[PDB]
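Read the structure below first, then the notes.
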Amino acid sequence: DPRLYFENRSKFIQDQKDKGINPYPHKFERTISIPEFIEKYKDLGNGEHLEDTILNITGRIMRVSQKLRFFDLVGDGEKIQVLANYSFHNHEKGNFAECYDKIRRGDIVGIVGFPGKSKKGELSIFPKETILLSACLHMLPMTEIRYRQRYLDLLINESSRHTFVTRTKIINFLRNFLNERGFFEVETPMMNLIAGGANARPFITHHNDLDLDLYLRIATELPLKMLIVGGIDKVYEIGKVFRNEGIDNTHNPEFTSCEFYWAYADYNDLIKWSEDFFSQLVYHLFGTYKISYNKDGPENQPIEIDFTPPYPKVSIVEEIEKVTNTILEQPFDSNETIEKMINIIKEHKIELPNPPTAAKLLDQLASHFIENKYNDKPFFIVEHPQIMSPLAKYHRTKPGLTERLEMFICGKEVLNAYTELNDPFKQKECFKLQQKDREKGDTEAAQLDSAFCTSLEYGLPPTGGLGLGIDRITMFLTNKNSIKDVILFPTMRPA
Amino acid sequence: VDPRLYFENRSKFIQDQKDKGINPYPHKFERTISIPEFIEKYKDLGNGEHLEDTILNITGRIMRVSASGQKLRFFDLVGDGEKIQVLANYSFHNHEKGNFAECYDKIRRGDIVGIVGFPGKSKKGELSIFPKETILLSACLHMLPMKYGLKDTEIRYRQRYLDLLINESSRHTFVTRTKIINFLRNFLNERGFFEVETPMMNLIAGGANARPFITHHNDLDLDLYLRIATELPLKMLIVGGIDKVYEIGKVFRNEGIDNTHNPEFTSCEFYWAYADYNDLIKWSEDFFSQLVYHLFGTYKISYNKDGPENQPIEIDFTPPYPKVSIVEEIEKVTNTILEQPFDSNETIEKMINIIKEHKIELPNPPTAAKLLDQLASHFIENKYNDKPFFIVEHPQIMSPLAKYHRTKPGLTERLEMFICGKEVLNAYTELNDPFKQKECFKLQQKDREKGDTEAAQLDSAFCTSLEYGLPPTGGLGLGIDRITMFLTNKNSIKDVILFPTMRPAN
Ligand SMILES: O=C(NCC1CCCCC1)c1cc(=O)c2ccccc2o1
Ligand SMILES: O=C(NCC1CCCCC1)c1cc(=O)c2ccccc2o1
Ligand SMILES: N[C@@H](CCCC[NH3+])C(=O)O
Ligand SMILES: N[C@@H](CCCC[NH3+])C(=O)O
Ligand SMILES: [Co+2]
Ligand SMILES: [Co+2]
């Protein structure tokens, strides 16, 4: 019974206290970490002892096994054995049995001792003195607990640490990749008067002193472009954005994105950037371009994803048309075209979007016909209609379309990029269209950001911009089917 | 000369260019060299020297327009904070692309252009691009304000891009900000620390004494608080065995704006298992000294504490830095004895009287913690100006998350570093006894009931995590913005935040 175990440990602490002992000492000066210990002494011979090498080492006890006490000691994801021998015990410090009888699995300890190997060749610390540094009062397990008590996940599941180490490696790699190419990292506000730069529902909060409602950012696009106007010609931000919508395996309402803006680049530069970056990232982590991924569960058959460039480009209107044996004529929001798309939707028994605006219909069609086209490789969906893409520049040869690219891995979007719309005339127009779409009941529609439009009037150079979803990328590169598995503290309802 | 009319004429110009079949916003210009690279490559040409067979593509923003008769047009071209001259000579113009004068007459200050041309120096020895063809890439439709015409205005903060374009020091300030953060991240990574991200939205806002922002997730039907600190989940990661962990990112404090307060700001917090107070002081002295030396090549900086028009003072970041015990110091400068418990009637009355006589604001409610805090802020925090210093050994009632001092009853092992009277750093040996932790939370709660809306609220998830064993640990926080203010010579936090928090424009 856990409750009783805990009661007993609490009374152990209190009893230690009454008897004038400090069960939470302030400082233990260790001389070596456990990984460093393993590195330095793993070449010892069986039974060999370095008894004149006195070391101070700390760690968490994870195993407890009568003049010979055995323990497993863990630190920084690595483990050594603790071999307490009566014959080595410093008797001046207290009773051997009393000392080691008190130790429980989970306890954090400080050890003064020497390095050796057991006769069986197990690398070990041989204590002359062991000190309790911090007691574990519950029973450590030997579920939702992983997400609510991530510290348990990290202590017991060795794979957890590796997953988050990989996450941090991915972000380090991205930062270095951008910095080596002359990009300048900035911070832009997380609280805005207006939430823009994407089509999503915002979080709203309130500043008391200004008596002002503020929106948490849904993207970093607009202030970054404003910085390009300011002459920071290669600029980027890695940080949190917030989207007030439901939780599922590929959606957390706060997630980490990276956006960069690259003056004098366009669509083609961005496609090349994407292929270079993903192929190089994957090679950096694996030394190969092919990884395996369990798209449908940890014990079902994995598929192989090949990150060898180049990647397929699939124009969205043309592909929808081709797989529906239909023709979707412009204006895409004409009665005939809207009717046609609605009919395609109802015919294939897929959810009719509410409201059924042209953009929402197109997006639904793409979702159901295109986005799962390839699973064995990343691919781009390209040349999105202008009505789906209010911030992307019109396509230089294809009326009605834009110079946009979205990259997908196993049917999930991880990347969105385009040649940037930089004519303020056209931008105000796009904002008007977006708003009349909000008037139809579309609550994810873009609102007019006058500060941003004003900045366009001062001259935005031709520019290419790109956004990455760090969490989804991490999912694919650590073999997780749920985004909860790559965020340390995913958003959950109180227990 | 009217800006409105200027803008109307410019917009009409765009429309007419389109009508005449010209695209005034080209999709792609493929340049072959940047302006800094052009300067590096060709700055050593002799006067009057032309490299007329070296044809280059270059882009930039026009920042000056001048002419000389019919066949000479002069411009200043800027990019990446550096500047070259454009010398458009009729002699070199590619007449196949259009009329020379018509082409260059259209160009205005602020226009972004693409130039096909050759490098050279004028006979006066100005480094120049000599266009054969100049292409408009993006028009500036407003009149750009000129240098020093952008002072004493909010324009800098609402239209940061104008600040960046026009005031050269601006770029430098924000570059230095990014260099400081790079330096910090590298400093920690080289010492074995592991960078993580913890949630910005939480069921409870803990880890500091501050009023939070509140928001709402619709789908879970759930109120959430923006984080006021990163302390609690990072300590939970220490429990989890990530023994050197840190985060650099935004935190949110729902309070008023002034020269050292923006409602969102950037902090770094790190947690260091098996370290304590003394390690934290050393880390601080090492970090600040090495940072300053890395940016300046010296340990001493000048700082216009009182604005650009009054004399600067000099700050010496040469370690070590003075340590000042808070209670002993308040006692010493007020001729008082502040006996424990600090919340005792006698002691509270003593502090209320000290505050009354020195004519300083009385906190509401007058809890012992807030009184001591007010006394400290009035009497200690400006003890030194020519060097950073630490205030140390804060009472436990001021310090709900800090471990009791190992030899001094009622105190904690805490340190705060101040530069010119401003806190930039808060650190301590971490409280890792869950029993004591719940005690401190209950005390805080009783302060909350008595009107202190900044009191620490109980975080059961955190306390429960302490029950699994938090090793002895040292923790530390830095205010990136304030640090940057001191290292870029700014008196206002708005000057080091690209887009500081503001009310809506007209
Ligand atoms: O990774 C995500 N998206 C991929 C995007 C990210 C922004 C930059 C373009 C690529 C992503 C991740 C999410 O967790 C998420 C949650 C709610 C709504 C949308 C969400 O999107
Ligand atoms: O830099 C600031 N404080 C220094 C602290 C920051 C957290 C880590 C310890 C050091 C700071 C900066 C602010 O802008 C600010 C705004 C509102 C309330 C408090 C604010 O504090
Ligand atoms: N803001 C975009 C990413 C950048 C698109 C290119 N300007 C998004 O959230 O999808
Ligand atoms: N959370 C602290 C910084 C770290 C203190 C050491 N645990 C603050 O906001 O001041
Ligand atoms: Co989509
Ligand atoms: Co204070």
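By order of appearance in the structure tokens: chains A, B, ..., then residues from 1 within every chain, and ligands from 1 in the order shown.
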
Practice problem: Grab me every residue within 8 Å of ligand 1, counting only C-alpha atoms and all ligand atoms, and send it over as JSON, numbers by chain. | Solution: {"A": [200, 219, 242, 243, 244, 245, 246, 247, 250, 251, 252, 253, 254, 255, 256, 257, 258, 259, 406, 412, 413, 414, 415, 416, 417, 466, 467, 468, 469, 470, 471, 472, 473, 483]}

Quiz prompt | Neighbour list for segment 84-99 of chain B as an MDAnalysis selection string, cut-off 9 Å, only C-alpha atoms, skip fewer than 3 positions in-chain | solution = chainID B and resid 35 38:39 62 70:79 102:104 117 122 126:134

Could those residues be written to a file, using N, CA, C and O atoms, as a compact mmCIF listing (two decimals), in the first residue's frame?
```txt
# COMPACT_ATOMS: atom_id res chain seq x y z
N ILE B 35 25.86 44.09 -50.26
CA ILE B 35 26.56 45.37 -50.15
C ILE B 35 27.82 45.25 -49.24
O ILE B 35 28.89 45.75 -49.62
N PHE B 38 30.48 43.53 -51.37
CA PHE B 38 30.94 44.47 -52.39
C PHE B 38 31.96 45.44 -51.78
O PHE B 38 33.02 45.69 -52.36
N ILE B 39 31.62 45.98 -50.62
CA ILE B 39 32.55 46.86 -49.92
C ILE B 39 33.86 46.11 -49.61
O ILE B 39 34.94 46.59 -49.92
N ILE B 62 17.50 52.71 -51.68
CA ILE B 62 17.96 54.07 -51.99
C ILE B 62 17.68 54.99 -50.80
O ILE B 62 16.55 55.10 -50.35
N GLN B 70 22.03 66.63 -66.93
CA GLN B 70 21.11 65.66 -67.52
C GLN B 70 21.63 64.21 -67.52
O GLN B 70 20.84 63.27 -67.65
N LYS B 71 22.94 64.03 -67.38
CA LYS B 71 23.53 62.73 -67.67
C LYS B 71 24.18 62.05 -66.47
O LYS B 71 24.80 60.99 -66.61
N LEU B 72 24.04 62.65 -65.30
CA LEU B 72 24.61 62.08 -64.09
C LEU B 72 23.54 62.00 -63.01
O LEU B 72 22.87 63.00 -62.73
N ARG B 73 23.38 60.82 -62.42
CA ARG B 73 22.47 60.65 -61.29
C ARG B 73 23.22 59.95 -60.15
O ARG B 73 23.82 58.90 -60.36
N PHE B 74 23.17 60.53 -58.96
CA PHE B 74 23.86 59.99 -57.79
C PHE B 74 22.87 59.49 -56.75
O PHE B 74 21.85 60.12 -56.52
N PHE B 75 23.18 58.35 -56.14
CA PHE B 75 22.33 57.81 -55.07
C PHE B 75 23.18 57.22 -53.95
O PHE B 75 24.33 56.88 -54.16
N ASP B 76 22.61 57.13 -52.75
CA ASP B 76 23.18 56.30 -51.70
C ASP B 76 22.38 55.00 -51.66
O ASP B 76 21.15 55.04 -51.59
N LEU B 77 23.07 53.87 -51.71
CA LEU B 77 22.45 52.55 -51.63
C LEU B 77 22.84 51.86 -50.32
O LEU B 77 24.03 51.67 -50.07
N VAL B 78 21.86 51.48 -49.50
CA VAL B 78 22.19 50.77 -48.25
C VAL B 78 21.66 49.34 -48.18
O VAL B 78 20.62 49.00 -48.74
N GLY B 79 22.41 48.50 -47.48
CA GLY B 79 21.97 47.15 -47.19
C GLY B 79 22.79 46.59 -46.04
O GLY B 79 23.99 46.83 -45.97
N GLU B 102 14.18 59.11 -67.90
CA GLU B 102 12.89 58.58 -67.44
C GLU B 102 13.09 57.53 -66.36
O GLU B 102 12.39 57.52 -65.36
N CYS B 103 14.03 56.61 -66.61
CA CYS B 103 14.37 55.57 -65.66
C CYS B 103 14.75 56.17 -64.31
O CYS B 103 14.10 55.88 -63.30
N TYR B 104 15.75 57.04 -64.26
CA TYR B 104 16.20 57.49 -62.94
C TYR B 104 15.34 58.59 -62.29
O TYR B 104 15.34 58.73 -61.06
N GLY B 117 25.37 46.29 -62.94
CA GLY B 117 26.39 47.30 -63.12
C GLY B 117 27.79 46.87 -62.78
O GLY B 117 28.02 45.71 -62.48
N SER B 122 34.66 56.73 -57.98
CA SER B 122 34.56 57.98 -58.71
C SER B 122 35.93 58.65 -58.66
O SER B 122 36.83 58.18 -57.98
N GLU B 126 34.98 57.82 -54.26
CA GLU B 126 33.84 57.18 -53.60
C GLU B 126 33.60 55.79 -54.18
O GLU B 126 33.43 55.66 -55.40
N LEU B 127 33.58 54.76 -53.33
CA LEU B 127 33.20 53.43 -53.79
C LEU B 127 31.77 53.44 -54.33
O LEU B 127 30.83 53.86 -53.64
N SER B 128 31.61 52.95 -55.56
CA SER B 128 30.36 53.07 -56.30
C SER B 128 30.02 51.83 -57.12
O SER B 128 30.90 51.13 -57.66
N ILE B 129 28.72 51.58 -57.22
CA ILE B 129 28.24 50.72 -58.29
C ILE B 129 27.84 51.65 -59.45
O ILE B 129 27.18 52.68 -59.23
N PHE B 130 28.31 51.30 -60.65
CA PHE B 130 28.01 52.00 -61.88
C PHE B 130 26.98 51.21 -62.68
O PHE B 130 27.33 50.28 -63.40
N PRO B 131 25.70 51.56 -62.53
CA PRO B 131 24.63 50.83 -63.20
C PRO B 131 24.70 50.93 -64.72
O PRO B 131 25.09 51.99 -65.23
N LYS B 132 24.34 49.85 -65.41
CA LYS B 132 23.94 49.86 -66.80
C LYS B 132 22.41 49.77 -66.87
O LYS B 132 21.78 50.07 -67.88
N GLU B 133 21.83 49.32 -65.77
CA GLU B 133 20.40 49.13 -65.72
C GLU B 133 19.99 49.12 -64.25
O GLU B 133 20.61 48.44 -63.44
N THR B 134 18.97 49.90 -63.91
CA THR B 134 18.42 49.92 -62.57
C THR B 134 16.93 49.62 -62.65
O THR B 134 16.20 50.22 -63.47
```

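For ligand 2, the neighbouring polymer residues at 7 Å or closer are residues 229, 253, 255, 260, 261, 262, 263, 264, 265, 267, 268, 269, 423, 424, 425, 426, 477, 478, 479, 480, 481 and 482 of chain B, only C-alpha atoms and all ligand atoms being used.
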
Exercise. List all protein, DNA and RNA residues that have any atom at most 9 Å from ligand 6, counting only C-alpha atoms and all ligand atoms, and write the list as a ChimeraX atom specification.
Key: /B:373-374,376-377,422-423

Quiz item: With distances taken over only C-alpha atoms and all ligand atoms, which of A:286, A:263, A:199, A:378 is nearest to ligand 5?
Solution: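 Counting only C-alpha atoms and all ligand atoms, the residue closest to ligand 5 is A:199.
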
Self-check item: Pick from A:317, A:218, A:132, A:401, whichever lies nearest to chain B using only C-alpha atoms
Solution: A:132

Self-check item: Among the residues B:69, B:46, B:400, B:240, the one that comes closest to chain A [using only C-alpha atoms]
Solution: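 Among the listed residues, B:240 lies closest to chain A.
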
Practice problem: Apply DSSP to the backbone of this structure and, from segment 155-214 of chain B, keep only the residues in alpha helix (DSSP H); write these as an NGL selection string. | Solution: :B and (155-158 or 160-166 or 168-189)

Exercise. Kindly determine which residues of chain B lie within 6 Å of chain A, considering only C-alpha atoms, and give the answer as number ranges by chain.
Key: B: 138-141, 161, 164-165, 214-215, 217, 219, 237, 239-240, 256, 467-469, 471

Where does chain B meet ligand 4 within 9 Å, residue by residue, with the nearest atom pair and distance in Å to one decimal for each, counting only C-alpha atoms and all ligand atoms, listed by chain and rising number, as JSON lines?
```
{"residue": "B:206", "atom": "CA", "partner": "ligand 4", "partner_atom_place_in_ligand_line": "1 (N)", "distance": 8.5}
{"residue": "B:207", "atom": "CA", "partner": "ligand 4", "partner_atom_place_in_ligand_line": "1 (N)", "distance": 4.9}
{"residue": "B:208", "atom": "CA", "partner": "ligand 4", "partner_atom_place_in_ligand_line": "9 (O)", "distance": 4.8}
{"residue": "B:209", "atom": "CA", "partner": "ligand 4", "partner_atom_place_in_ligand_line": "9 (O)", "distance": 7.7}
{"residue": "B:210", "atom": "CA", "partner": "ligand 4", "partner_atom_place_in_ligand_line": "9 (O)", "distance": 8.8}
{"residue": "B:228", "atom": "CA", "partner": "ligand 4", "partner_atom_place_in_ligand_line": "9 (O)", "distance": 7.1}
{"residue": "B:229", "atom": "CA", "partner": "ligand 4", "partner_atom_place_in_ligand_line": "9 (O)", "distance": 5.1}
{"residue": "B:230", "atom": "CA", "partner": "ligand 4", "partner_atom_place_in_ligand_line": "1 (N)", "distance": 6.3}
{"residue": "B:231", "atom": "CA", "partner": "ligand 4", "partner_atom_place_in_ligand_line": "1 (N)", "distance": 4.8}
{"residue": "B:232", "atom": "CA", "partner": "ligand 4", "partner_atom_place_in_ligand_line": "1 (N)", "distance": 8.0}
{"residue": "B:235", "atom": "CA", "partner": "ligand 4", "partner_atom_place_in_ligand_line": "7 (N)", "distance": 8.4}
{"residue": "B:251", "atom": "CA", "partner": "ligand 4", "partner_atom_place_in_ligand_line": "9 (O)", "distance": 8.8}
{"residue": "B:267", "atom": "CA", "partner": "ligand 4", "partner_atom_place_in_ligand_line": "9 (O)", "distance": 8.2}
{"residue": "B:268", "atom": "CA", "partner": "ligand 4", "partner_atom_place_in_ligand_line": "3 (C)", "distance": 8.2}
{"residue": "B:269", "atom": "CA", "partner": "ligand 4", "partner_atom_place_in_ligand_line": "4 (C)", "distance": 5.7}
{"residue": "B:270", "atom": "CA", "partner": "ligand 4", "partner_atom_place_in_ligand_line": "4 (C)", "distance": 7.5}
{"residue": "B:271", "atom": "CA", "partner": "ligand 4", "partner_atom_place_in_ligand_line": "7 (N)", "distance": 7.4}
{"residue": "B:401", "atom": "CA", "partner": "ligand 4", "partner_atom_place_in_ligand_line": "7 (N)", "distance": 7.0}
{"residue": "B:402", "atom": "CA", "partner": "ligand 4", "partner_atom_place_in_ligand_line": "7 (N)", "distance": 7.0}
{"residue": "B:414", "atom": "CA", "partner": "ligand 4", "partner_atom_place_in_ligand_line": "6 (C)", "distance": 8.0}
{"residue": "B:415", "atom": "CA", "partner": "ligand 4", "partner_atom_place_in_ligand_line": "6 (C)", "distance": 8.8}
{"residue": "B:416", "atom": "CA", "partner": "ligand 4", "partner_atom_place_in_ligand_line": "10 (O)", "distance": 8.7}
{"residue": "B:425", "atom": "CA", "partner": "ligand 4", "partner_atom_place_in_ligand_line": "10 (O)", "distance": 7.2}
{"residue": "B:426", "atom": "CA", "partner": "ligand 4", "partner_atom_place_in_ligand_line": "5 (C)", "distance": 5.0}
{"residue": "B:427", "atom": "CA", "partner": "ligand 4", "partner_atom_place_in_ligand_line": "6 (C)", "distance": 4.0}
{"residue": "B:428", "atom": "CA", "partner": "ligand 4", "partner_atom_place_in_ligand_line": "6 (C)", "distance": 5.1}
{"residue": "B:429", "atom": "CA", "partner": "ligand 4", "partner_atom_place_in_ligand_line": "7 (N)", "distance": 7.4}
{"residue": "B:430", "atom": "CA", "partner": "ligand 4", "partner_atom_place_in_ligand_line": "7 (N)", "distance": 6.2}
{"residue": "B:431", "atom": "CA", "partner": "ligand 4", "partner_atom_place_in_ligand_line": "7 (N)", "distance": 8.9}
{"residue": "B:474", "atom": "CA", "partner": "ligand 4", "partner_atom_place_in_ligand_line": "7 (N)", "distance": 7.1}
{"residue": "B:475", "atom": "CA", "partner": "ligand 4", "partner_atom_place_in_ligand_line": "7 (N)", "distance": 4.1}
{"residue": "B:476", "atom": "CA", "partner": "ligand 4", "partner_atom_place_in_ligand_line": "6 (C)", "distance": 4.2}
{"residue": "B:477", "atom": "CA", "partner": "ligand 4", "partner_atom_place_in_ligand_line": "3 (C)", "distance": 3.9}
{"residue": "B:478", "atom": "CA", "partner": "ligand 4", "partner_atom_place_in_ligand_line": "3 (C)", "distance": 7.0}
{"residue": "B:479", "atom": "CA", "partner": "ligand 4", "partner_atom_place_in_ligand_line": "10 (O)", "distance": 8.7}
```

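Going from atom CA of residue 354 of chain A to atom 4 (C, counted along the ligand's line) of ligand 3 covers 25.0 Å.
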
Self-check item: Among the residues B:18, B:378, B:383, B:442, the one that comes closest to residue 359 of chain B [using only C-alpha atoms]
Solution: B:378

Quiz item: Hey, which of A:328, A:198, A:445, A:57 ends up closest to ligand 3? Count only C-alpha atoms and all ligand atoms.
Solution: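 Smallest distance to ligand 3 is found for A:198.
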
Quiz prompt | Atomic separation - atom CA of residue 259 of chain B relative to atom CA of residue 283 of chain B, Å | solution = 27.7 Å

Self-check item: Contacts of residue 66 of chain A within 12 Å, only C-alpha atoms, excl. fewer than 2 positions in-chain, as number ranges by chain
Solution: A: 64, 68-70, 83-87, 96-98, 100-101

Writer output for current selection, N, CA and C atoms, as a PDB file, in the first residue's frame:
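In the end it all went to result02.pdb:
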```
ATOM      1  N   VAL A  64      17.944  -2.055  -4.955  1.00  0.00           N
ATOM      2  CA  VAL A  64      18.450  -2.458  -3.669  1.00  0.00           C
ATOM      3  C   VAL A  64      18.430  -3.960  -3.591  1.00  0.00           C
ATOM      4  N   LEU A  68      27.569  -7.505   2.650  1.00  0.00           N
ATOM      5  CA  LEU A  68      27.736  -7.009   1.288  1.00  0.00           C
ATOM      6  C   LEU A  68      26.408  -6.475   0.784  1.00  0.00           C
ATOM      7  N   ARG A  69      26.322  -5.163   0.613  1.00  0.00           N
ATOM      8  CA  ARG A  69      25.101  -4.567   0.088  1.00  0.00           C
ATOM      9  C   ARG A  69      25.326  -4.118  -1.352  1.00  0.00           C
ATOM     10  N   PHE A  70      24.356  -4.399  -2.216  1.00  0.00           N
ATOM     11  CA  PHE A  70      24.450  -4.015  -3.621  1.00  0.00           C
ATOM     12  C   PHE A  70      23.381  -2.988  -3.986  1.00  0.00           C
ATOM     13  N   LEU A  83      28.841  -1.167  -4.536  1.00  0.00           N
ATOM     14  CA  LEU A  83      29.173  -2.369  -3.773  1.00  0.00           C
ATOM     15  C   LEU A  83      29.682  -1.960  -2.401  1.00  0.00           C
ATOM     16  N   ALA A  84      28.795  -2.001  -1.410  1.00  0.00           N
ATOM     17  CA  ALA A  84      29.148  -1.648  -0.039  1.00  0.00           C
ATOM     18  C   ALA A  84      29.652  -2.881   0.701  1.00  0.00           C
ATOM     19  N   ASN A  85      30.931  -2.861   1.045  1.00  0.00           N
ATOM     20  CA  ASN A  85      31.540  -3.957   1.778  1.00  0.00           C
ATOM     21  C   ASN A  85      31.839  -3.535   3.214  1.00  0.00           C
ATOM     22  N   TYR A  86      31.389  -4.334   4.177  1.00  0.00           N
ATOM     23  CA  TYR A  86      31.711  -4.099   5.591  1.00  0.00           C
ATOM     24  C   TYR A  86      33.199  -3.818   5.782  1.00  0.00           C
ATOM     25  N   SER A  87      34.028  -4.483   4.984  1.00  0.00           N
ATOM     26  CA  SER A  87      35.477  -4.436   5.145  1.00  0.00           C
ATOM     27  C   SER A  87      36.075  -3.098   4.740  1.00  0.00           C
ATOM     28  N   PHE A  96      27.595   0.280  10.017  1.00  0.00           N
ATOM     29  CA  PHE A  96      27.451  -0.132   8.616  1.00  0.00           C
ATOM     30  C   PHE A  96      26.021  -0.547   8.266  1.00  0.00           C
ATOM     31  N   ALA A  97      25.519  -1.527   9.017  1.00  0.00           N
ATOM     32  CA  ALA A  97      24.174  -2.041   8.787  1.00  0.00           C
ATOM     33  C   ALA A  97      23.120  -0.960   8.995  1.00  0.00           C
ATOM     34  N   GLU A  98      23.269  -0.145  10.034  1.00  0.00           N
ATOM     35  CA  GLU A  98      22.289   0.906  10.266  1.00  0.00           C
ATOM     36  C   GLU A  98      22.281   1.886   9.092  1.00  0.00           C
ATOM     37  N   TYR A 100      23.184   1.318   5.850  1.00  0.00           N
ATOM     38  CA  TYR A 100      22.671   0.832   4.569  1.00  0.00           C
ATOM     39  C   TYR A 100      21.252   0.245   4.609  1.00  0.00           C
ATOM     40  N   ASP A 101      20.777  -0.106   5.804  1.00  0.00           N
ATOM     41  CA  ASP A 101      19.413  -0.603   6.002  1.00  0.00           C
ATOM     42  C   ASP A 101      18.390   0.469   5.707  1.00  0.00           C
TER      43      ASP A 101
END
```

Quiz item: What residues in segment 166-249 of chain B get the DSSP label strand (DSSP E)? Please answer as JSON, numbers by chain.
Solution: {"B": [194, 195, 201, 202, 214, 215, 216, 217, 222, 223, 224, 225, 226, 244, 245, 246, 247, 248, 249]}

Practice problem: Go ahead and compute the interatomic distance for atom CA of residue 186 of chain B and atom CA of residue 392 of chain B, in Å to one decimal. | Solution: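 Pair atom CA of residue 186 of chain B / atom CA of residue 392 of chain B returns 27.7 Å.
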